[PDB]
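Source file: input-v6.txt; contents: compact mmCIF, C-alpha atoms and all ligand atoms.
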# COMPACT_ATOMS: atom_id res chain seq x y z
CA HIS A 4 -16.60 11.00 -5.59
CA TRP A 5 -15.53 7.77 -3.95
CA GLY A 6 -14.05 7.78 -0.47
CA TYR A 7 -14.37 5.88 2.80
CA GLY A 8 -17.55 7.49 4.15
CA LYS A 9 -20.98 6.04 4.74
CA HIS A 10 -22.22 7.39 1.39
CA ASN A 11 -19.13 6.90 -0.81
CA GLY A 12 -17.15 4.07 0.77
CA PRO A 13 -16.18 0.48 -0.20
CA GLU A 14 -19.80 -0.79 -0.34
CA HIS A 15 -20.62 1.87 -2.98
CA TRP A 16 -17.58 1.52 -5.24
CA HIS A 17 -18.97 -1.23 -7.45
CA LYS A 18 -21.55 1.16 -8.94
CA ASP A 19 -18.81 3.18 -10.67
CA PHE A 20 -16.19 0.37 -10.78
CA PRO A 21 -17.97 -3.00 -11.30
CA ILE A 22 -14.67 -4.92 -11.10
CA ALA A 23 -15.10 -4.28 -7.36
CA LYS A 24 -16.91 -7.67 -7.38
CA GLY A 25 -14.29 -9.33 -9.65
CA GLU A 26 -12.39 -12.61 -9.14
CA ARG A 27 -8.95 -11.15 -8.15
CA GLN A 28 -9.81 -8.36 -5.70
CA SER A 29 -7.62 -7.05 -2.86
CA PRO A 30 -7.06 -6.98 0.04
CA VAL A 31 -7.53 -10.49 1.43
CA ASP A 32 -7.21 -12.34 4.70
CA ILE A 33 -3.99 -14.32 4.88
CA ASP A 34 -4.58 -17.63 6.65
CA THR A 35 -1.14 -18.58 7.81
CA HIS A 36 -2.12 -22.22 8.38
CA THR A 37 -3.08 -22.78 4.74
CA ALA A 38 -0.77 -20.52 2.71
CA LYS A 39 1.74 -22.99 1.23
CA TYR A 40 5.52 -22.59 0.94
CA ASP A 41 6.37 -22.44 -2.76
CA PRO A 42 9.90 -23.53 -3.74
CA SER A 43 9.72 -22.08 -7.26
CA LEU A 44 9.66 -18.52 -5.84
CA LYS A 45 13.12 -17.03 -6.48
CA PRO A 46 14.86 -14.76 -3.91
CA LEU A 47 13.22 -11.32 -3.46
CA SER A 48 15.35 -8.35 -4.40
CA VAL A 49 14.39 -4.95 -2.96
CA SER A 50 16.98 -2.50 -4.31
CA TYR A 51 16.28 1.07 -3.10
CA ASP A 52 19.75 2.52 -2.42
CA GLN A 53 19.52 4.95 -5.36
CA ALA A 54 15.85 5.89 -4.70
CA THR A 55 15.11 9.58 -5.41
CA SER A 56 12.10 10.89 -3.50
CA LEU A 57 10.53 14.04 -5.02
CA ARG A 58 7.32 15.18 -3.28
CA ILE A 59 4.63 14.23 -0.72
CA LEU A 60 0.92 14.74 -1.44
CA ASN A 61 -2.42 14.55 0.36
CA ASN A 62 -4.74 13.47 -2.49
CA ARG A 63 -7.92 13.25 -0.25
CA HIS A 64 -7.53 9.41 -0.03
CA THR A 65 -4.07 9.03 1.59
CA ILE A 66 -0.66 10.69 1.76
CA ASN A 67 1.79 9.53 -0.95
CA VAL A 68 5.56 9.99 -1.47
CA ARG A 69 6.37 10.06 -5.22
CA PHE A 70 9.77 9.05 -6.60
CA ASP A 71 11.71 9.64 -9.79
CA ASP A 72 10.96 6.54 -11.87
CA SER A 73 12.88 7.71 -14.97
CA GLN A 74 15.53 4.97 -14.63
CA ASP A 75 16.12 1.76 -12.55
CA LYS A 76 17.16 3.71 -9.38
CA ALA A 77 14.70 1.82 -7.10
CA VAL A 78 13.40 -1.53 -8.19
CA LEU A 79 11.77 -4.66 -6.94
CA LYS A 80 12.69 -8.00 -8.59
CA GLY A 81 12.69 -11.72 -7.90
CA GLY A 82 10.20 -13.53 -5.66
CA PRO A 83 7.11 -14.21 -7.88
CA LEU A 84 8.03 -11.44 -10.29
CA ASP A 85 9.25 -11.78 -13.88
CA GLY A 86 11.38 -8.85 -14.99
CA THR A 87 11.94 -5.54 -13.28
CA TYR A 88 9.50 -3.33 -11.38
CA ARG A 89 10.35 0.32 -10.76
CA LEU A 90 9.25 2.14 -7.61
CA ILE A 91 6.84 5.05 -8.31
CA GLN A 92 5.31 5.83 -4.88
CA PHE A 93 4.50 4.69 -1.34
CA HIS A 94 1.42 5.45 0.72
CA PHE A 95 -0.40 4.26 3.82
CA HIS A 96 -3.76 3.10 5.12
CA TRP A 97 -4.59 3.53 8.81
CA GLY A 98 -7.45 3.46 11.35
CA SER A 99 -9.33 5.77 13.78
CA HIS A 100 -7.71 3.71 16.55
CA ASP A 101 -4.78 1.32 16.91
CA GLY A 102 -6.86 -1.85 16.65
CA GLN A 103 -7.52 -1.46 12.91
CA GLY A 104 -6.07 0.27 9.88
CA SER A 105 -4.42 -2.43 7.78
CA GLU A 106 -6.01 -3.68 4.56
CA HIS A 107 -4.57 -7.18 4.56
CA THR A 108 -5.29 -9.22 7.67
CA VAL A 109 -3.31 -12.16 9.04
CA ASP A 110 -5.49 -14.87 10.61
CA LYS A 111 -8.16 -12.14 10.74
CA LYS A 112 -5.90 -9.88 12.80
CA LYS A 113 -5.78 -6.18 11.80
CA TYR A 114 -2.70 -4.01 12.29
CA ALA A 115 -2.73 -0.28 13.09
CA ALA A 116 -1.65 0.63 9.56
CA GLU A 117 -0.28 -0.72 6.26
CA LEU A 118 2.41 0.71 3.99
CA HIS A 119 2.18 0.10 0.23
CA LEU A 120 5.20 0.59 -2.01
CA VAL A 121 3.95 0.64 -5.56
CA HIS A 122 6.10 -0.49 -8.49
CA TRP A 123 5.39 -0.90 -12.22
CA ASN A 124 6.68 -3.31 -14.89
CA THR A 125 9.38 -1.53 -16.93
CA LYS A 126 8.47 -3.47 -20.05
CA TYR A 127 5.27 -1.39 -20.32
CA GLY A 128 7.16 1.88 -20.40
CA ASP A 129 5.26 3.88 -17.74
CA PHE A 130 2.94 3.56 -14.78
CA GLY A 131 -0.18 4.45 -16.81
CA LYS A 132 0.33 1.72 -19.42
CA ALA A 133 1.40 -0.76 -16.76
CA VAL A 134 -1.63 -0.40 -14.50
CA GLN A 135 -3.83 -1.64 -17.36
CA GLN A 136 -2.05 -5.03 -17.52
CA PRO A 137 -2.45 -8.21 -15.39
CA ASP A 138 1.31 -8.27 -14.66
CA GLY A 139 1.77 -4.47 -14.68
CA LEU A 140 2.18 -3.69 -10.97
CA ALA A 141 3.83 -5.09 -7.87
CA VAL A 142 3.01 -3.72 -4.44
CA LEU A 143 5.07 -4.47 -1.42
CA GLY A 144 2.86 -4.42 1.65
CA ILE A 145 4.24 -3.94 5.14
CA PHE A 146 2.19 -3.87 8.34
CA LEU A 147 2.68 -1.23 11.05
CA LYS A 148 2.42 -2.50 14.60
CA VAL A 149 2.24 -0.24 17.60
CA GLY A 150 5.37 -0.29 19.80
CA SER A 151 8.65 1.65 19.72
CA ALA A 152 8.85 4.65 17.40
CA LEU A 153 10.52 4.07 14.04
CA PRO A 154 13.12 6.76 13.18
CA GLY A 155 12.79 5.79 9.54
CA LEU A 156 9.22 7.12 9.58
CA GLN A 157 9.83 10.31 11.54
CA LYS A 158 10.66 12.38 8.46
CA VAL A 159 7.19 11.53 7.09
CA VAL A 160 5.29 12.31 10.31
CA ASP A 161 7.21 15.59 10.57
CA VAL A 162 5.81 17.00 7.31
CA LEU A 163 2.21 15.87 7.75
CA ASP A 164 1.22 19.24 9.21
CA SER A 165 2.26 20.90 5.94
CA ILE A 166 -0.13 18.70 3.91
CA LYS A 167 -3.04 18.57 6.32
CA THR A 168 -5.81 19.22 3.75
CA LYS A 169 -6.56 17.60 0.39
CA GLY A 170 -4.56 18.89 -2.58
CA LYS A 171 -1.68 20.06 -0.43
CA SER A 172 1.81 18.86 -1.32
CA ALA A 173 5.43 19.59 -0.29
CA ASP A 174 9.02 18.97 -1.36
CA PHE A 175 10.25 15.67 0.04
CA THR A 176 13.75 14.95 -1.15
CA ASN A 177 16.40 12.62 0.21
CA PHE A 178 13.95 10.25 1.91
CA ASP A 179 15.35 6.68 1.91
CA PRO A 180 12.57 4.03 1.89
CA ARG A 181 14.94 1.33 3.11
CA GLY A 182 14.21 2.86 6.49
CA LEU A 183 10.67 1.45 6.20
CA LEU A 184 11.68 -2.21 5.71
CA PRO A 185 11.68 -4.78 8.56
CA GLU A 186 14.67 -7.12 9.03
CA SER A 187 13.01 -10.09 7.31
CA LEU A 188 11.86 -10.20 3.69
CA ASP A 189 9.74 -13.32 4.39
CA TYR A 190 6.46 -12.71 2.49
CA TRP A 191 3.17 -14.07 1.20
CA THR A 192 2.16 -13.46 -2.44
CA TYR A 193 -1.07 -13.67 -4.47
CA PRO A 194 -2.50 -12.04 -7.64
CA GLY A 195 -4.91 -9.25 -6.84
CA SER A 196 -5.88 -5.65 -7.51
CA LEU A 197 -5.58 -2.04 -6.50
CA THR A 198 -7.42 -1.62 -3.16
CA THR A 199 -8.90 1.70 -4.35
CA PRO A 200 -10.85 2.68 -7.47
CA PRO A 201 -10.43 1.84 -10.23
CA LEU A 202 -9.66 -1.50 -8.50
CA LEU A 203 -7.85 -2.85 -11.60
CA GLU A 204 -6.66 -6.46 -11.35
CA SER A 205 -3.06 -5.60 -12.25
CA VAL A 206 -1.22 -6.23 -8.96
CA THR A 207 1.11 -8.96 -7.79
CA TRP A 208 0.90 -8.55 -4.01
CA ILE A 209 3.98 -9.17 -1.88
CA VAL A 210 3.01 -8.85 1.78
CA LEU A 211 5.83 -9.10 4.29
CA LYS A 212 5.24 -11.25 7.33
CA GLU A 213 7.32 -9.09 9.72
CA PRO A 214 5.72 -5.75 10.72
CA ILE A 215 7.66 -2.59 11.28
CA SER A 216 7.18 -0.96 14.69
CA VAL A 217 5.71 2.54 15.04
CA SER A 218 4.74 4.46 18.16
CA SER A 219 1.24 5.37 19.22
CA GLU A 220 2.33 9.02 18.91
CA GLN A 221 3.51 8.50 15.29
CA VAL A 222 0.20 6.85 14.13
CA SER A 223 -1.87 9.59 15.90
CA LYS A 224 -0.22 12.27 13.67
CA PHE A 225 -1.66 10.45 10.68
CA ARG A 226 -5.10 10.78 12.25
CA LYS A 227 -4.80 14.61 12.26
CA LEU A 228 -4.73 14.58 8.45
CA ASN A 229 -7.99 15.62 6.76
CA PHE A 230 -10.00 14.20 3.85
CA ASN A 231 -11.46 17.67 3.25
CA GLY A 232 -9.92 20.67 1.49
CA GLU A 233 -8.90 23.90 3.19
CA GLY A 234 -11.94 25.55 4.81
CA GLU A 235 -14.60 22.93 4.06
CA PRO A 236 -16.07 21.02 7.05
CA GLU A 237 -13.26 19.07 8.77
CA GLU A 238 -13.22 15.32 8.17
CA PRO A 239 -10.25 13.53 9.81
CA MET A 240 -8.50 11.19 7.41
CA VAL A 241 -8.95 7.92 9.33
CA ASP A 242 -10.15 4.43 8.35
CA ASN A 243 -8.94 4.82 4.75
CA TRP A 244 -8.75 1.03 4.33
CA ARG A 245 -10.83 -1.31 2.23
CA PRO A 246 -12.06 -4.52 4.00
CA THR A 247 -10.82 -7.93 2.88
CA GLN A 248 -12.45 -9.51 -0.15
CA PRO A 249 -13.01 -13.20 -1.01
CA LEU A 250 -9.96 -15.15 -2.11
CA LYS A 251 -12.13 -17.09 -4.62
CA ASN A 252 -10.02 -19.29 -6.95
CA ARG A 253 -6.62 -18.02 -5.82
CA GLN A 254 -3.60 -19.30 -3.97
CA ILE A 255 -1.64 -17.42 -1.38
CA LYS A 256 1.99 -18.67 -1.54
CA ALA A 257 4.46 -18.41 1.32
CA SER A 258 8.11 -17.55 0.58
CA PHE A 259 9.33 -19.36 3.70
CA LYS A 260 9.01 -22.91 5.13
ZN ZN B 301 -10.05 10.37 -6.05

This structure in structure tokens:
Amino acid sequence: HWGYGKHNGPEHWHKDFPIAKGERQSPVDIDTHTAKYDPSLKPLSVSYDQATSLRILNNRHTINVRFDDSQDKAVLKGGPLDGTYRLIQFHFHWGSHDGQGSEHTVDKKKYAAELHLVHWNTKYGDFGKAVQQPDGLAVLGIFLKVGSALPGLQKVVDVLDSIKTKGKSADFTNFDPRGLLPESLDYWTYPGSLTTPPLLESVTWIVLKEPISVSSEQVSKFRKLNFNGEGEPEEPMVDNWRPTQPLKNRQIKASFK
């Protein structure tokens, strides 16, 4: 099974998922000098006040917080998007040390971690239909930068010990994801893919320019998660990021002048 090891990591994925070498792959390097302000982008609308978190899960690849997506309780709209995208889940990618971890880079700089809030196009009816379509998904990407602790994250770090090994999950109600947004919604956007298998080219990426701040101590708790299941050889869940892929014939737009 795919993973982030020497034998099953990003360099291997193409053998089971040949779209790994496709024309709209993610993540990418964002070159801030050449991404152009686009005036046709509408205002971005992140509306998460009625979000209903359900459960948190270690799936052997990351930790993910799943939400009730039965109605428009948490949606992303505007910016490059047409129509309404419902929030389904958020997860993270992070490194074995604070100098790497993010999937997107900005002028080749890596952050300590990246948060991905995953939304699907309500016109396709559910996540599983949506993920098969070019305009099916929208992922809001937010960098984590080492500094002051973020209170908004502390409820996640606090439960990590209960989901240390793969397959483990826990109740995770009343978590408000607005606590994971920076002040600014300035963003870059480009058409891309899922950054994990099956690497489907169904994602409009919206990557916020402003990182949220997390402490060294908070990121370290992520590093005590495990890829392995209970009682197998330990394998710390670190460096669960895919390297940047070639932009090819795509445009990164900026939302801001
Ligand atoms: Zn898997």

Contacts with ligand ZN 301 (chain B) at most 12 Å, only C-alpha atoms and all ligand atoms counted, listed as a ChimeraX atom specification: /A:4-7,11-12,16,61-65,169-170,199-201,230-231

Counting all atoms listed in the file, find residues at most 8 Å from (9.6, -5.5, 5.5) (file frame) and give them as a PyMOL selection string. chain A and resi 144-145+183-189+211-215

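The coordinates place atom CA of residue 137 of chain A at 21.9 Å from atom CA of residue 118 of chain A.
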
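For the residues A:40, A:75, A:174, A:216, ranking by smallest atom-to-atom distance to residue 153 of chain A using only C-alpha atoms places A:216 first.
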
Give me, please, the distance in Å between atom CA of residue 88 of chain A and atom CA of residue 176 of chain A, quoted to one decimal. 21.4 Å

Near residue 27 of chain A, within 8 Å and counting only C-alpha atoms, which residues show up once chain neighbours fewer than 2 positions away are dropped, as a list in words? residues 25, 29, 194, 195, 196, 204, 250, 251 and 253 of chain A

Which neighbours of residue 119 of chain A fall inside 9 Å, counting all atoms listed in the file, when residues of the same chain fewer than 3 positions from it are skipped, and could you give them as a list in words? residues 92, 93, 94, 95, 96, 142, 143, 144 and 145 of chain A

How big is the axis-aligned box, and where does its centre sit, when it encloses all atoms of segment 14-25 of chain A listed in the file and has 3 Å added on every side, reported in Å to one decimal as lines of an AutoDock Vina configuration file?
center_x = -17.9
center_y = -3.1
center_z = -5.8
size_x = 13.3
size_y = 18.5
size_z = 17.0

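For the residues A:182, A:239, A:150, A:246, ranking by smallest atom-to-atom distance to residue 115 of chain A using all atoms listed in the file places A:150 first.
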
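Here the question is which of A:121, A:109, A:222, A:156 gets nearest to residue 36 of chain A using all atoms listed in the file, and that residue is A:109.
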
Protein, DNA and RNA residues within 6 Å of (-7.8, -2.5, 6.0), all atoms listed in the file, as a PyMOL selection string: chain A and resi 104-107+244-246

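When only C-alpha atoms are used to compute distances to residue 22 of chain A, the closest of the residues A:229, A:198, A:50, A:73 turns out to be A:198.
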
Contacts of residue 178 of chain A within 12 Å, all atoms listed in the file, excl. fewer than 5 positions in-chain, as a PyMOL selection string: chain A and resi 51-59+68-71+92-93+154-159+162+183

Quick one: residues within 10 Å of residue 82 of chain A, all atoms listed in the file, excluding same-chain residues fewer than 2 positions away - as a ChimeraX atom specification? /A:43-49,79-80,84-85,190-192,209,258
